[PDB]
Amino acid sequence: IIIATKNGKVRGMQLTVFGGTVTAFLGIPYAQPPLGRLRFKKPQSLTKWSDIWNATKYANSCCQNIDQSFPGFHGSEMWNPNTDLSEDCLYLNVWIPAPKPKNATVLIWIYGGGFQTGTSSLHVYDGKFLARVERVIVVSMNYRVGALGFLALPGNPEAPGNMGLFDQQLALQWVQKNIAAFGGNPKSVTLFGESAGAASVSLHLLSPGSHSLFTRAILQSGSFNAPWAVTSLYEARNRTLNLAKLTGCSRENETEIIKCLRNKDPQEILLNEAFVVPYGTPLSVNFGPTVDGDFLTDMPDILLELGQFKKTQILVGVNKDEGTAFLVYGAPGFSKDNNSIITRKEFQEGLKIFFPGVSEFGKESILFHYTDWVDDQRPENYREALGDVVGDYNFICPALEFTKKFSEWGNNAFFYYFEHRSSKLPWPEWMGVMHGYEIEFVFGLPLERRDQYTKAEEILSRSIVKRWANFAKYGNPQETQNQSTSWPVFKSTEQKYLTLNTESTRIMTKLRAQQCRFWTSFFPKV
Ligand SMILES: *[C@@H]1O[C@H](CO[C@@H]2O[C@@H](C)[C@@H](O)[C@@H](O)[C@@H]2O)[C@@H](O[C@@H]2O[C@H](CO)[C@@H](O[C@@H]3O[C@H](CO)[C@@H](O)[C@H](O[C@H]4O[C@H](CO)[C@@H](O)[C@H](O)[C@@H]4O)[C@@H]3O)[C@H](O)[C@H]2NC(C)=O)[C@H](O)[C@H]1NC(C)=O
Ligand SMILES: *[C@@H]1O[C@H](CO[C@@H]2O[C@@H](C)[C@@H](O)[C@@H](O)[C@@H]2O)[C@@H](O[C@@H]2O[C@H](CO)[C@@H](O)[C@H](O)[C@H]2NC(C)=O)[C@H](O)[C@H]1NC(C)=O
Ligand SMILES: *[C@@H]1O[C@H](CO[C@@H]2O[C@@H](C)[C@@H](O)[C@@H](O)[C@@H]2O)[C@@H](O[C@@H]2O[C@H](CO)[C@@H](O)[C@H](O)[C@H]2NC(C)=O)[C@H](O)[C@H]1NC(C)=O
Ligand SMILES: CN(C[C@@H]1CCN(Cc2ccccc2)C1)S(=O)(=O)c1ccc2ccccc2c1
Ligand SMILES: *[C@@H]1O[C@H](CO[C@@H]2O[C@@H](C)[C@@H](O)[C@@H](O)[C@@H]2O)[C@@H](O)[C@H](O)[C@H]1NC(C)=O
Ligand SMILES: CC(=O)N[C@H]1[C@H]([C@H](O)[C@H](O)CO)O[C@@](O)(C(=O)O)C[C@@H]1O
Ligand SMILES: *[C@@H]1O[C@H](CO)[C@@H](O)[C@H](O)[C@H]1NC(C)=O
Ligand SMILES: *[C@@H]1O[C@H](CO)[C@@H](O)[C@H](O)[C@H]1NC(C)=O
Ligand SMILES: [Cl-]
Ligand SMILES: [Cl-]
């Protein structure tokens, strides 16, 4: 089972999935390893090889700091890298149906991780379910994260910024030139991703160098206009410089800095990423997408506002409790191991943690818009309010605003609202429908009966998988057979969206409308 690619022959392996077979090619290199003098530079193209590359195991994950706040707890550790970390991590994976499809639609996954963490090899990113059940091809790639992938000395090719995005872009290029050999249709490629993955997919909509590398886009819990998604050219420099000092690489010649940062073990670079900013938060993106003048030619809010993106269909959506995950990473009085009833004072302190550089008036204005209580006696008023504050500001309102803005230029948009809490979810109940916990459903993990998911979850994943795959194949995320609720287009007027849950799937209008008017009109002025 050998496929000949443009750079050489690759050998895959055979997966038994649901009384059937998927061919997995795990760990195909798609760039020269960005090592030595290649560190921080854009990804260079891969020299040809004469052997049979053995793509039979996930490859090295990119260097990254590991969440060690809940050691031994699956709800945190399920997200930590499950392969050796290395700078030599520019690899991708391909699941194709067996037998080899003819002209299959291709799904390209971009993982999240706040642009600091993440890896394609995670169990909740296993594409074999989608390959088997919908006969699409799934591709996923590793891209550089943290400083190693997003250090920015603007204009300077030694550290131009946005390398991780250019890593992704080079993977998309690989699919364009090689997926035909695997039975995929290069003309039918849907980027999908979650969180920073979703912000990445949205940036590929803007980057002209990506416009011909895919067809459609799916944005799960993320978009480039999210407040955490794009570093200012200022802060990127202040960040690059503060890193140079912490490592002792402060030089007058800016390239002499990069040279100095190139003789540091990655461990030294990662240990210093944290304090590169002055006041971090649980959502800090120390090194992330920047306006490099290359991948990104202008500030994306301007590009969005003036229709300067790929015209195509988008599938956008968010989860019901996007914000609760971050509350247990610093917020006072919070814990995954109790119900986290917090007081007014505790809520106010938590705003200082999530909005450190914000004026008191700004923080009071958040308090005022979110404490008009329907019941003052309700003891978790503040706990739920602080979670909604983080979710509405960081995910739901920018994702909604992205969808209005993008659809205003005549393209079909579909907006979902995931509100099912996984029956196997290891975080406590009050954290609800958390950030990232729609992904297993998108990937069809409840489709394996051999797990402990309920029948209702199997049906929900089954429908989501159909809707996702029909969106990839046909720009339309309906399920047309099992008498399903029709998913209407999101228009700027009606703003209709589809709820996803095991109970009843409903068409609703104008998600978080009052919340988002505050976050999208008033709060940016503070
Ligand atoms: C990439 O993957 C291939 C295939 O691996 C196999 O794929 C599937 C088909 C499945 O069977 C898997 O279990 C398995 O991983 C690798 O192919 C193997 O290549 C090595 C050599 O590099 C072979 O080992 C040699 O086999 C000889 C059989 O004639 C044997 O004589 C060899 O003994 C040595 O010592 C004597 C003593 O003088 C010498 O005379 C010999 O010439 C030899 O050097 C040795 O056992 C395996 O048998 C191959 N696998 C199979 C299943 O046959 C390939 O190596 C791998 N490459 C990389 C870089 O990963
Ligand atoms: C731009 O960076 C300066 C300097 O960063 C400091 O030193 C680094 C090595 C690292 O340890 C950072 O965490 C430090 O912040 C920032 O200046 C500091 O600001 C804090 C309070 O904001 C102050 O108490 C320190 O004394 C300052 N240190 C110095 C050397 O000036 C500055 O705030 C950053 N600018 C922005 C807009 O964030
Ligand atoms: C919920 O727990 C937090 C966290 O406290 C720690 O974790 C607990 C699960 C338990 O193992 C405790 O022994 C630990 O201290 C509590 O937050 C602390 O609250 C105390 C008293 O209010 C305060 O002195 C500490 O500063 C707090 N620490 C942190 C990190 O917030 C919280 O009180 C608990 N809430 C409820 C409703 O039980
Ligand atoms: C420090 N990180 C967060 C921890 C790391 C591992 N835990 C995984 C988890 C995932 C879902 C629920 C519970 C736990 C979460 S991060 O990955 O570097 C990061 C940084 C900035 C971000 C800004 C916006 C959105 C996401 C961001 C992520
Ligand atoms: C649709 O439903 C299948 C089984 O449910 C029953 O059978 C179908 C064919 C209907 O005629 C009706 O009797 C029931 O809904 C599932 O096996 C199948 O996976 C479902 N398809 C999707 C896309 O969810
Ligand atoms: C270690 C721990 O937390 N254990 C608790 C689990 C969940 O894991 C938490 O709610 C989220 O961590 O949930 C319980 O409510 C339960 O349903 O029996 C109590 C149990 O002791
Ligand atoms: C694949 O599909 C495209 C249209 O999407 C078509 O133009 C092309 O000829 C097809 N090629 C093969 C080999 O099926
Ligand atoms: C910095 O050093 C590099 C080394 O090749 C050189 O090309 C560049 O001109 C230098 N810049 C300044 C401002 O001295
Ligand atoms: Cl009160
Ligand atoms: Cl308002």
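Numbering, chain A: per Swiss-Prot, residues 32-557 in sequence.
Note: Cβ is positioned from N, Cα and C throughout, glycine not excepted.
Here's what Swiss-Prot has on this protein:
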type: ACT_SITE; residues: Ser226; note: active site, acyl-ester intermediate
type: ACT_SITE; residues: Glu353; note: active site, charge relay system
type: ACT_SITE; residues: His466; note: active site, charge relay system
type: BINDING; residues: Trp110, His466; note: tacrine binding site
type: BINDING; residues: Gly144, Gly145; note: substrate binding site
type: DISULFID; residues: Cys93-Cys120; note: disulfide bond
type: DISULFID; residues: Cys280-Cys291; note: disulfide bond
type: DISULFID; residues: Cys428-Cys547; note: disulfide bond
type: CARBOHYD; residues: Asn85; note: N-linked glycosylation site
type: CARBOHYD; residues: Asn134; note: N-linked glycosylation site
type: CARBOHYD; residues: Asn269; note: N-linked glycosylation site
type: CARBOHYD; residues: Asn284; note: N-linked glycosylation site
type: CARBOHYD; residues: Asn369; note: N-linked glycosylation site
type: CARBOHYD; residues: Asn513; note: N-linked glycosylation site
type: MOD_RES; residues: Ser226; note: phosphoserine
Spatial neighbours of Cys428 (disulfide bond) among the recorded positions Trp110, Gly144, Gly145, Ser226, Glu353, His466, using Cα within 10 Å, are none
Of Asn284, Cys291, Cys547, the recorded positions whose C-beta sits under 6 angstroms from any atom of ligand 7 are none
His466 (active site, charge relay system) sits from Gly144 (substrate binding site) (Cα to Cα, rounded, in Å) at a distance of 11
Close in space but at least six residues away in sequence, with Cβ under 8 Å from that of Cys93 (disulfide bond), the same-chain residues are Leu116, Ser117, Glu118, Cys120, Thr150, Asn173, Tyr174, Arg175, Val176, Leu179, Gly180
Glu353 (active site, charge relay system) sits from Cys547 (disulfide bond) (Cα to Cα, rounded, in Å) at a distance of 14
Ordered by sequence, the long-range same-chain Cβ contacts of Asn369 (N-linked glycosylation site) under 8 Å (at least 6 apart) are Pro459
What DSSP gives for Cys291 (disulfide bond), in three states, is helix
Quick note, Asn269 (N-linked glycosylation site) and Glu353 (active site, charge relay system): C-alpha atoms separated, nearest Å, by 30
For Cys291 (disulfide bond), the same-chain residues 6+ apart in sequence with C-beta under 8 angstroms from its C-beta are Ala275, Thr278, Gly279, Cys280, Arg282
Quick note, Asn513 (N-linked glycosylation site) and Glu353 (active site, charge relay system): C-alpha atoms separated, nearest Å, by 30
Distance filter, Cβ under 6 Å of ligand 2; input recorded positions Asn269, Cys280, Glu353, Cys428; output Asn269
Across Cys428, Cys547, listed as disulfide-bonded residues, the smallest other-CB tally within 10 A is for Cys547
For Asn284 (N-linked glycosylation site) and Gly145 (substrate binding site), the CA-to-CA distance in whole Å is 30
Rounded Cα distance in angstrom between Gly145 (substrate binding site) and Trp110 (tacrine binding site) is 12
Nearest to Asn85 (N-linked glycosylation site) by C-alpha distance, among the recorded positions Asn134, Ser226, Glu353, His466, is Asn134
Expected list for ligand 4 (Cβ under 6 angstroms, recorded positions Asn85, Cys93, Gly145, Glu353, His466, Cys547) reads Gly145, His466
